[PDB]
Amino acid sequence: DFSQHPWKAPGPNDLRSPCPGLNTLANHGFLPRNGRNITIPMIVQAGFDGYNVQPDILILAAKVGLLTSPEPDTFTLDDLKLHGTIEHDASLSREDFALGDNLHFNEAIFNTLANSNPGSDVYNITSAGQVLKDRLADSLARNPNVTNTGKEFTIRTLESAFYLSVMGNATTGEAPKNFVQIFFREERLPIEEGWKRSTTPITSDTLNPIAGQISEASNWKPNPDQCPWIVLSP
């Protein structure tokens, strides 16, 4: 029932993340609107309620997210900005940590995703891959501190599988462009615009094939002498 879950703009003391997925859930009150005191069970519930995303992938992501917080079993959405845990260079809608603000939505960065799949009414696996190339190529040219290993790349293919899957079709990875634009720009569920919570459950068995196809369409190579790492503590 989305009627109990109206969108509201985050106010002054309301903490947000670099993740449109969680920010959208907070802005609809599926997570605390203040973005504080989030447990792994609250993530599993908000993800299932909002998007029909199943626990498997949410538990893993939330456990890694926890490492960004000094708290025993909670994090704030602001904690999740910690560079090198999940937050990575070559984001779709955020600047690289080394160049500026790795937290907030940035229209200038988002422009690439916005303008992708020209002449189509959807983003798809092909356009998602092209955006991954363009964003990485940007960070490699302007960021001498770029981190581009297997870890960041896997997360990038998964995050791109996420926007295609939760705003669009979880099997084909096609998503109406206006749904994806609203998701990123307003961190809002485009309910009035016709968006429905996925009827098909979003699992690692649906996300992985989509992430894999985005990967193939990205024509990716790692930086040669970089070791994959999860920063373990703030």
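When you see a residue number, it is the position in the sequence shown, counting from 1.
Peer 1: Specify which of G212, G11, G21, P18 carries the largest Cα B factor in the deposited PDB entry.
Peer 2: The record points to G11.
Peer 1: Relative to the other modelled residues in the chain, which third contains the C-alpha temperature factor of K81: lowest, middle or highest?
Peer 2: It falls in the middle third of the chain.
Peer 1: Considering only modelled residues of the same chain, in which third does the CA B-factor of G50 rank: lowest, middle or highest?
Peer 2: For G50, the deposited C-alpha B-factor lands in the lowest third.
Peer 1: Ordered by C-alpha B-factor within the chain, which third holds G173? Give me lowest, middle or highest, please.
Peer 2: Ranked within chain, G173 CA B lands in the highest tercile.
Peer 1: Select lowest, middle or highest to describe the third in which the CA B-factor of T149 falls within its chain in this entry.
Peer 2: Within its chain, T149 is a lowest-third residue by C-alpha B-factor, going by the deposited values.
Peer 1: Sorting the chain's modelled residues by C-alpha B-factor, tell me whether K196 ends up in the lowest, middle or highest third.
Peer 2: For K196, the deposited C-alpha B-factor lands in the highest third.
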